[PDB]
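Asker: Input structure: target-v2.csv, which contains CSV, N, CA and C atoms.
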chain,number,residue,atom,x,y,z
A,1,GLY,N,45.2,-11.3,-43.4
A,1,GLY,CA,43.8,-11.2,-43.6
A,1,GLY,C,43.0,-11.9,-42.5
A,2,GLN,N,41.7,-11.6,-42.5
A,2,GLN,CA,40.8,-12.2,-41.5
A,2,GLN,C,40.3,-13.6,-42.0
A,3,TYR,N,40.5,-14.6,-41.1
A,3,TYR,CA,40.0,-15.9,-41.4
A,3,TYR,C,39.0,-16.3,-40.3
A,4,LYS,N,38.0,-17.1,-40.6
A,4,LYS,CA,37.0,-17.5,-39.7
A,4,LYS,C,37.0,-19.0,-39.5
A,5,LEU,N,36.7,-19.4,-38.3
A,5,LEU,CA,36.5,-20.8,-38.0
A,5,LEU,C,35.1,-21.0,-37.5
A,6,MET,N,34.3,-21.9,-38.1
A,6,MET,CA,33.0,-22.3,-37.7
A,6,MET,C,33.2,-23.6,-36.9
A,7,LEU,N,32.9,-23.6,-35.6
A,7,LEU,CA,33.0,-24.7,-34.7
A,7,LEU,C,31.6,-25.4,-34.7
A,8,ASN,N,31.6,-26.6,-35.1
A,8,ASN,CA,30.4,-27.4,-35.2
A,8,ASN,C,30.6,-28.7,-34.4
A,9,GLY,N,31.0,-28.6,-33.2
A,9,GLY,CA,31.3,-29.7,-32.3
A,9,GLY,C,30.1,-30.2,-31.6
A,10,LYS,N,30.3,-31.4,-31.0
A,10,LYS,CA,29.2,-32.0,-30.2
A,10,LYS,C,28.9,-31.1,-29.0
A,11,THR,N,29.9,-30.5,-28.4
A,11,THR,CA,29.7,-29.7,-27.2
A,11,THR,C,30.1,-28.2,-27.4
A,12,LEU,N,31.0,-28.0,-28.4
A,12,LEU,CA,31.5,-26.6,-28.6
A,12,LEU,C,31.0,-26.2,-30.0
A,13,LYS,N,30.3,-25.1,-30.0
A,13,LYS,CA,29.7,-24.5,-31.3
A,13,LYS,C,29.9,-23.0,-31.3
A,14,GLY,N,30.1,-22.5,-32.5
A,14,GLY,CA,30.1,-21.1,-32.7
A,14,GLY,C,31.1,-20.6,-33.7
A,15,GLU,N,31.6,-19.4,-33.6
A,15,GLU,CA,32.5,-18.9,-34.6
A,15,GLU,C,33.6,-18.1,-33.9
A,16,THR,N,34.8,-18.2,-34.5
A,16,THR,CA,35.9,-17.4,-34.0
A,16,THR,C,36.6,-16.8,-35.3
A,17,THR,N,37.4,-15.8,-35.1
A,17,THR,CA,38.2,-15.2,-36.2
A,17,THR,C,39.7,-15.1,-35.7
A,18,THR,N,40.5,-15.0,-36.7
A,18,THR,CA,41.9,-14.7,-36.5
A,18,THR,C,42.5,-13.9,-37.6
A,19,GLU,N,43.5,-13.0,-37.4
A,19,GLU,CA,44.2,-12.3,-38.4
A,19,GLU,C,45.4,-13.1,-38.7
A,20,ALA,N,45.6,-13.5,-39.9
A,20,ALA,CA,46.8,-14.4,-40.3
A,20,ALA,C,47.3,-14.0,-41.6
A,21,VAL,N,48.6,-14.2,-41.8
A,21,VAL,CA,49.2,-13.8,-43.1
A,21,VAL,C,48.7,-14.6,-44.3
A,22,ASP,N,48.3,-15.9,-44.0
A,22,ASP,CA,47.9,-16.8,-45.1
A,22,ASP,C,47.0,-17.9,-44.5
A,23,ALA,N,46.4,-18.7,-45.4
A,23,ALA,CA,45.5,-19.7,-44.9
A,23,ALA,C,46.3,-20.8,-44.1
A,24,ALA,N,47.5,-21.1,-44.5
A,24,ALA,CA,48.3,-22.1,-43.8
A,24,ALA,C,48.5,-21.7,-42.3
A,25,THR,N,48.7,-20.4,-42.1
A,25,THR,CA,48.9,-19.9,-40.8
A,25,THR,C,47.6,-20.0,-40.0
A,26,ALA,N,46.5,-19.5,-40.6
A,26,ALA,CA,45.3,-19.6,-39.9
A,26,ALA,C,44.9,-21.0,-39.5
A,27,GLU,N,45.2,-22.0,-40.4
A,27,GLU,CA,44.9,-23.4,-40.2
A,27,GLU,C,45.6,-23.9,-39.0
A,28,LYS,N,46.9,-23.5,-38.8
A,28,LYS,CA,47.6,-24.0,-37.7
A,28,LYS,C,47.0,-23.4,-36.4
A,29,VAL,N,46.7,-22.1,-36.4
A,29,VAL,CA,46.0,-21.5,-35.2
A,29,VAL,C,44.7,-22.2,-34.9
A,30,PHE,N,43.9,-22.4,-35.9
A,30,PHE,CA,42.6,-23.0,-35.6
A,30,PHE,C,42.6,-24.5,-35.2
A,31,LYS,N,43.5,-25.3,-35.8
A,31,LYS,CA,43.6,-26.7,-35.5
A,31,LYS,C,44.2,-26.8,-34.1
A,32,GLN,N,45.1,-25.9,-33.7
A,32,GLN,CA,45.6,-26.0,-32.3
A,32,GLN,C,44.4,-25.6,-31.3
A,33,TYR,N,43.7,-24.6,-31.7
A,33,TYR,CA,42.5,-24.2,-30.8
A,33,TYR,C,41.5,-25.3,-30.7
A,34,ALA,N,41.1,-26.0,-31.8
A,34,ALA,CA,40.2,-27.0,-31.7
A,34,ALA,C,40.7,-28.2,-30.9
A,35,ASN,N,42.0,-28.5,-31.1
A,35,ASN,CA,42.6,-29.6,-30.3
A,35,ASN,C,42.6,-29.3,-28.8
A,36,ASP,N,42.9,-28.0,-28.4
A,36,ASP,CA,43.0,-27.6,-27.0
A,36,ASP,C,41.6,-27.6,-26.4
A,37,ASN,N,40.6,-27.5,-27.2
A,37,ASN,CA,39.2,-27.5,-26.7
A,37,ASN,C,38.5,-28.8,-27.0
A,38,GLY,N,39.2,-29.9,-27.3
A,38,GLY,CA,38.6,-31.2,-27.3
A,38,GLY,C,37.8,-31.5,-28.5
A,39,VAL,N,37.9,-30.8,-29.6
A,39,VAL,CA,37.1,-31.0,-30.8
A,39,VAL,C,37.9,-31.9,-31.7
A,40,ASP,N,37.3,-33.0,-32.1
A,40,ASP,CA,37.9,-34.0,-33.0
A,40,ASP,C,36.9,-34.3,-34.1
A,41,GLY,N,37.1,-33.6,-35.2
A,41,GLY,CA,36.1,-33.6,-36.3
A,41,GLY,C,36.7,-33.5,-37.7
A,42,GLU,N,35.9,-33.4,-38.7
A,42,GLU,CA,36.2,-33.3,-40.1
A,42,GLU,C,36.3,-31.8,-40.4
A,43,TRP,N,37.3,-31.4,-41.3
A,43,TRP,CA,37.6,-30.1,-41.6
A,43,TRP,C,37.3,-29.7,-43.0
A,44,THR,N,36.9,-28.5,-43.2
A,44,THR,CA,36.9,-27.9,-44.6
A,44,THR,C,37.5,-26.5,-44.5
A,45,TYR,N,37.9,-26.1,-45.7
A,45,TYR,CA,38.4,-24.7,-45.9
A,45,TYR,C,37.9,-24.2,-47.2
A,46,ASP,N,37.3,-23.0,-47.2
A,46,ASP,CA,36.8,-22.3,-48.4
A,46,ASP,C,37.6,-21.1,-48.6
A,47,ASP,N,38.4,-21.0,-49.7
A,47,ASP,CA,39.3,-19.9,-49.9
A,47,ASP,C,38.5,-18.6,-50.3
A,48,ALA,N,37.4,-18.8,-50.9
A,48,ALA,CA,36.6,-17.7,-51.3
A,48,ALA,C,36.1,-16.8,-50.1
A,49,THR,N,35.7,-17.5,-49.1
A,49,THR,CA,35.2,-16.8,-47.9
A,49,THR,C,36.2,-16.8,-46.7
A,50,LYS,N,37.4,-17.4,-46.9
A,50,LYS,CA,38.4,-17.4,-45.9
A,50,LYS,C,37.8,-18.1,-44.6
A,51,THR,N,37.1,-19.2,-44.8
A,51,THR,CA,36.4,-19.8,-43.7
A,51,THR,C,36.8,-21.3,-43.6
A,52,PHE,N,37.2,-21.7,-42.4
A,52,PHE,CA,37.4,-23.1,-42.0
A,52,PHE,C,36.1,-23.5,-41.2
A,53,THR,N,35.9,-24.9,-41.3
A,53,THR,CA,34.9,-25.5,-40.5
A,53,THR,C,35.4,-26.7,-39.9
A,54,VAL,N,35.0,-27.1,-38.7
A,54,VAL,CA,35.3,-28.3,-38.0
A,54,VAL,C,34.0,-28.9,-37.5
A,55,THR,N,33.7,-30.2,-37.9
A,55,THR,CA,32.4,-30.8,-37.6
A,55,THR,C,32.6,-32.1,-36.9
A,56,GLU,N,31.9,-32.3,-35.8
A,56,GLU,CA,31.9,-33.6,-35.1
A,56,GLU,C,30.6,-34.3,-35.5
Would it be possible to restate this file's structure as structure tokens?
Answerer:
Amino acid sequence: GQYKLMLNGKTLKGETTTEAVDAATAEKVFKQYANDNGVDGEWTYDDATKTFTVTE
């Protein structure tokens, strides 16, 4: 399924998507992406909209 990441960082903002078999898989992809791009924030996941957020 399609999962979305809302980036709400101090310097990186926007949205990305990934196709993943489940939410755990999407979470790993998105957390690695956020880490690689220097985002260190609080996370949420909404299973109804398949949307993760990370906020600094």
Asker: Could you check which of A:37, A:30, A:3, A:55 is closest to residue 17 of chain A, using only C-alpha atoms?
Answerer: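 Of the candidates, the smallest distance to residue 17 of chain A is held by A:3.
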Asker: Restricting the calculation to only C-alpha atoms: of A:19, A:51, A:1, A:7, which residue gets closest to residue 33 of chain A?
Answerer: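 Selected residue with least distance to residue 33 of chain A: A:7.
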Asker: Among chain A, which ones does DSSP assign to strand (DSSP E) (computed from the backbone)? Answer as a ChimeraX atom specification.
Answerer: /A:2-8,13-19,42-46,51-55
Asker: For the residues selected in the previous step, produce a file with N, CA and C atoms as a compact mmCIF listing (two decimals), in the frame of the given file.
Answerer:
# COMPACT_ATOMS: atom_id res chain seq x y z
N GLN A 2 41.70 -11.60 -42.50
CA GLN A 2 40.80 -12.20 -41.50
C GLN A 2 40.30 -13.60 -42.00
N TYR A 3 40.50 -14.60 -41.10
CA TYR A 3 40.00 -15.90 -41.40
C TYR A 3 39.00 -16.30 -40.30
N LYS A 4 38.00 -17.10 -40.60
CA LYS A 4 37.00 -17.50 -39.70
C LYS A 4 37.00 -19.00 -39.50
N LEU A 5 36.70 -19.40 -38.30
CA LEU A 5 36.50 -20.80 -38.00
C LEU A 5 35.10 -21.00 -37.50
N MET A 6 34.30 -21.90 -38.10
CA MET A 6 33.00 -22.30 -37.70
C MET A 6 33.20 -23.60 -36.90
N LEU A 7 32.90 -23.60 -35.60
CA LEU A 7 33.00 -24.70 -34.70
C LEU A 7 31.60 -25.40 -34.70
N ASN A 8 31.60 -26.60 -35.10
CA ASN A 8 30.40 -27.40 -35.20
C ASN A 8 30.60 -28.70 -34.40
N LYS A 13 30.30 -25.10 -30.00
CA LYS A 13 29.70 -24.50 -31.30
C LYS A 13 29.90 -23.00 -31.30
N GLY A 14 30.10 -22.50 -32.50
CA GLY A 14 30.10 -21.10 -32.70
C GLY A 14 31.10 -20.60 -33.70
N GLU A 15 31.60 -19.40 -33.60
CA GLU A 15 32.50 -18.90 -34.60
C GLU A 15 33.60 -18.10 -33.90
N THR A 16 34.80 -18.20 -34.50
CA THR A 16 35.90 -17.40 -34.00
C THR A 16 36.60 -16.80 -35.30
N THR A 17 37.40 -15.80 -35.10
CA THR A 17 38.20 -15.20 -36.20
C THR A 17 39.70 -15.10 -35.70
N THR A 18 40.50 -15.00 -36.70
CA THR A 18 41.90 -14.70 -36.50
C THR A 18 42.50 -13.90 -37.60
N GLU A 19 43.50 -13.00 -37.40
CA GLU A 19 44.20 -12.30 -38.40
C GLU A 19 45.40 -13.10 -38.70
N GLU A 42 35.90 -33.40 -38.70
CA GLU A 42 36.20 -33.30 -40.10
C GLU A 42 36.30 -31.80 -40.40
N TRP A 43 37.30 -31.40 -41.30
CA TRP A 43 37.60 -30.10 -41.60
C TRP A 43 37.30 -29.70 -43.00
N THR A 44 36.90 -28.50 -43.20
CA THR A 44 36.90 -27.90 -44.60
C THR A 44 37.50 -26.50 -44.50
N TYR A 45 37.90 -26.10 -45.70
CA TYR A 45 38.40 -24.70 -45.90
C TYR A 45 37.90 -24.20 -47.20
N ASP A 46 37.30 -23.00 -47.20
CA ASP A 46 36.80 -22.30 -48.40
C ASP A 46 37.60 -21.10 -48.60
N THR A 51 37.10 -19.20 -44.80
CA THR A 51 36.40 -19.80 -43.70
C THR A 51 36.80 -21.30 -43.60
N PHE A 52 37.20 -21.70 -42.40
CA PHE A 52 37.40 -23.10 -42.00
C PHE A 52 36.10 -23.50 -41.20
N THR A 53 35.90 -24.90 -41.30
CA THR A 53 34.90 -25.50 -40.50
C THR A 53 35.40 -26.70 -39.90
N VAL A 54 35.00 -27.10 -38.70
CA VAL A 54 35.30 -28.30 -38.00
C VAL A 54 34.00 -28.90 -37.50
N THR A 55 33.70 -30.20 -37.90
CA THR A 55 32.40 -30.80 -37.60
C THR A 55 32.60 -32.10 -36.90
Asker: Kindly provide, as a PyMOL selection string, the polymer residues lying within 8 Å of (31.9, -28.9, -25.6), counting only N, CA and C atoms and using the coordinates exactly as they appear in the file.
Answerer: chain A and resi 9-13+37-39
Asker: For the atom pair atom CA of residue 23 of chain A and atom CA of residue 4 of chain A, what is the interatomic distance in Å to one decimal place?
Answerer: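 Atom CA of residue 23 of chain A sits 10.2 Å away from atom CA of residue 4 of chain A.
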Asker: Could you work out how far atom C of residue 2 of chain A lies from atom C of residue 50 of chain A, giving the answer in Å with one decimal?
Answerer: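 Value for the atom C of residue 50 of chain A-atom C of residue 2 of chain A distance: 5.8 Å.
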Asker: Between atom C of residue 35 of chain A and atom CA of residue 20 of chain A, what is the distance in Å, rounded to a tenth?
Answerer: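 Distance reported for this atom pair: 19.3 Å.
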Asker: So, counting all atoms listed in the file, which residue among A:44, A:8, A:18, A:25 is closest to residue 56 of chain A?
Answerer: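 So, comparing all the options, the nearest one is A:8.
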Asker: Quick one: DSSP helix (DSSP H, G or I) residues in chain A, as a PyMOL selection string?
Answerer: chain A and resi 23-36
